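Engineer: this one's a deposited entry, sequence included:
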Amino acid sequence: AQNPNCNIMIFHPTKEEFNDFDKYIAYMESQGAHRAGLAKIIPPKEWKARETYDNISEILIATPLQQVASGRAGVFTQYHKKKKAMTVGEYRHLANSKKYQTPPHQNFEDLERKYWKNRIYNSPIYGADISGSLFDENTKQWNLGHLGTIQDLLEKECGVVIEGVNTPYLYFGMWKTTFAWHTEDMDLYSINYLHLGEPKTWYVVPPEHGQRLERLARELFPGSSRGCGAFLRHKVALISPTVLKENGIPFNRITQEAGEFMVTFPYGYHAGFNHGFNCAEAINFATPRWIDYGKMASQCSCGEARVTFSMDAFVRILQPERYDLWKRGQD
Ligand SMILES: O=C(O)CNC(=O)C(=O)O
Ligand SMILES: [Mg+2]
Ligand code: NI
Ligand SMILES: [Zn+2]
């Protein structure tokens with residue numbers, strides 16, 4: 001078995017190997033990359049996502065989210081308070097203000113220590129979940145707006161044509177902005193490209209050990225667990241690496257820098273934080289190997305998780321027994 005310790009693997013494809021996206025994902029999996037739940041892909045030196053980022057300031061962040069924490073430094077939840085709209089140029093100036101800017105630090109490890117010590121005492125503002133793309137239309141390789149759609153993959157594997165579309169999302173971050181512990185909708189893959197700015201640190205649990213993380217979460221968030229049998233779908237819970245280590249939960253960590261891709265694999269729980277002002281683009285995708293994970297994915301039916309239009313068909317076809325209850329949650 002390849003990669004039996006479930007380490008995060010880093011890949012350096014050549015420009016020739018960067019042509020065929022599906023084939024390269026399959027290659028990474030042949031080397032055991034999926035066992036980690038997360039892989040890094042460094043593009044060939046010939047490749048670029050677009051020519052420059054000099055003209056992005058007028059993009060609108062319609063609903064910036066202030067991420068307010070509750071709990072203790074290593075075990076907390078966050079809620080999202082909606083703020084007034086602002087442009088990317090306004091948000092960058094805010095990120096760089098004395099109130100929000102990254103503190104002085106020695107290296108990524110020192111900054112990680114400061115994040116876990118101090119995150120709860122601040123409320124950073126995240127420009128998350130903005131439909132759109134920063135890839136140039138002429139970028140032919142690993143263009144996250146030109147991938148094969150999940151609806152087409154389901155149709156190719158299973159023969160059933162379904163409604164829905166699959167488009168990318170932009171994330172504008174600042175110091176301490178946080179993504180809570182989660183797997184993707186319907187335990188899909190994700191791919192994330194860090195277009196510009198400061199790094200993003202990731203934590204990940206191997207898919208084979210995801211249920212260990214879920215059992216810890218039920219212990220640590222006992223009211224949330226009584227409320228919902230899949231409350232990590234709410235995407236609000238944070239647990240620090242120190243707490244994971246104290247409870248014996250297998251996990252790994254890695255820092256993504258500008259110009260790098262990350263791929264998350266089906267049922268790979270992940271969480272993390274931004275180091276300073278940045279912009280990432282991400283989208284979900286599927287392969288043949290995903291189908292069995294989609295059929296088994298947990299679902300929130302309490303009403304909190306509320307998701308996209310296109311998830312309806314995935315539940316309806318892959319999980320017909322659950323469909324009625326899940327849809328009640330959505331309505
Ligand atoms: O970048 C973020 O805030 C969160 N991203 C992801 O969870 C992802 O790409 O799967
Ligand atoms: Mg602009
Ligand atoms: Ni994710
Ligand atoms: Zn729920």
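Structural biologist: Good, I have the coordinates. Numbering: from 1, shown residues only. Ligands and ions are numbered 1, 2, ... in the order given.
Engineer: count the neighbours of whichever residue of the chain sits closest to ligand 2 for me.
Structural biologist: Of the residues in the chain, the one nearest ligand 2 is residue 58, at a distance of 3.1 Å by CB to the ion. C-beta coordinates here come from the backbone N, C-alpha and C atoms, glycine included. Other residues lying near residue 58 total 9 when counted by other CB atoms under 10 Å.
Engineer: same question, residue 221
Structural biologist: The number of residues packed near residue 221 is 21, by other CB under 10 Å.
Engineer: so it makes contact with residue 234?
Structural biologist: No. In this structure, residue 221 is not within contact of residue 234 by CB atoms under 8 Å, at 10.0 Å.
Engineer: state the number of residues packed around the closest residue to the residue of the chain closest to ligand 2 other than its chain neighbours.
Structural biologist: Of all residues not flanking residue 58 in the chain, residue 87 sits nearest, at 5.8 Å (CB to CB, 6 or more residues apart in numbering). Other residues near residue 87 come to 14 when the count uses other CB under 10 Å.
Engineer: next one: phi and psi at residue 87?
Structural biologist: Here is the backbone geometry of residue 87 (degrees, to the nearest 10): phi -70, psi 170.
Engineer: give the bridge partners for it, please.
Structural biologist: residue 60 (DSSP bridges).
Engineer: isn't it up against residue 56?
Structural biologist: No. If you go by CB under 8 Å, residue 87 and residue 56 don't touch, sitting 9.5 Å apart.
Engineer: on that earlier part again, residues contacting the residue nearest to residue 58?
Structural biologist: Counting by CB atoms under 8 Å, 6 or more residues apart in numbering, residue 87 makes contact with 57, 58, 59, 60, 61.
Engineer: ok, these vs residue 132, which is closest?
Structural biologist: Residue 132 has its nearest neighbour among those in residue 59, at 7.3 Å by CB to CB.
Engineer: which SSE is the residue of the chain closest to ligand 2 in?
Structural biologist: Counting by DSSP states H and E, no helix or strand carries residue 58.
Engineer: distance of it relative to residue 84?
Structural biologist: Counting by CB to CB, to the nearest Å, the gap from residue 58 to residue 84 is 17 Å.
Engineer: likewise for residue 106?
Structural biologist: Distance, residue 106 to residue 84, by CB to CB: 36 Å.
Engineer: cool, and residue 189?
Structural biologist: 34 Å.
Engineer: what residues does the stretch 151-300 of the chain have near ligand 4?
Structural biologist: Contact residues, the stretch 151-300 of the chain versus ligand 4 (CB under 5 Å from the ion): 228, 300.
Engineer: which positions in the stretch 151-300 of the chain make contact with ligand 1?
Structural biologist: 171, 179, 190, 192, 264, 270, 280, 282 (CB under 6 Å from any ligand atom).
Engineer: for the residue nearest to residue 14 when sequence neighbours are not counted, the count of nearby residues, please.
Structural biologist: The shortest distance from residue 14 to any non-neighbouring residue, by CB to CB, 6+ apart, is to residue 44 (5.8 Å). Using other CB under 10 Å, residue 44 has 14 neighbouring residues.
Engineer: which residues does residue 44 contact?
Structural biologist: Taking CB under 8 Å, 6+ apart, we find residue 44 in contact with 12, 13, 14, 15, 17, 18.
Engineer: counting neighbours, what do you get for the residue lying closest to the first one once chain neighbours are set aside?
Structural biologist: Right, residue 12. Distances taken as CB to CB, 6+ apart put residue 42 closest to residue 12, at 5.1 Å, once the chain neighbours are dropped. Neighbour count for residue 42, taken as other CB under 10 Å: 14.
Engineer: any idea how far residue 42 is from residue 55?
Structural biologist: Per CB to CB, residue 42 is found 26 Å from residue 55.
Engineer: can you check residue 258 too?
Structural biologist: For residue 258, the distance to residue 55 (CB to CB) stands at 17 Å.
Engineer: between those two, which has more neighbouring residues?
Structural biologist: Legend: neighbour count by other CB under 10 Å for residue 258 and residue 55, higher for residue 258 (16 against 9).
Engineer: can you show me the helices along the stretch 1-150 of the chain?
Structural biologist: Ranges of helices in the stretch 1-150 of the chain, per DSSP state H, counting those that start in this stretch, are 21-30, 88-95, 108-118, 150-158.
Engineer: who does the last one touch, helix- and strand-wise?
Structural biologist: Counting contacts by 3 or more CB pairs under 8 Å, 6 or more residues apart in numbering; DSSP states H and E, helix 150-158 is packed against strand 278-285, helix 290-296, helix 311-318.
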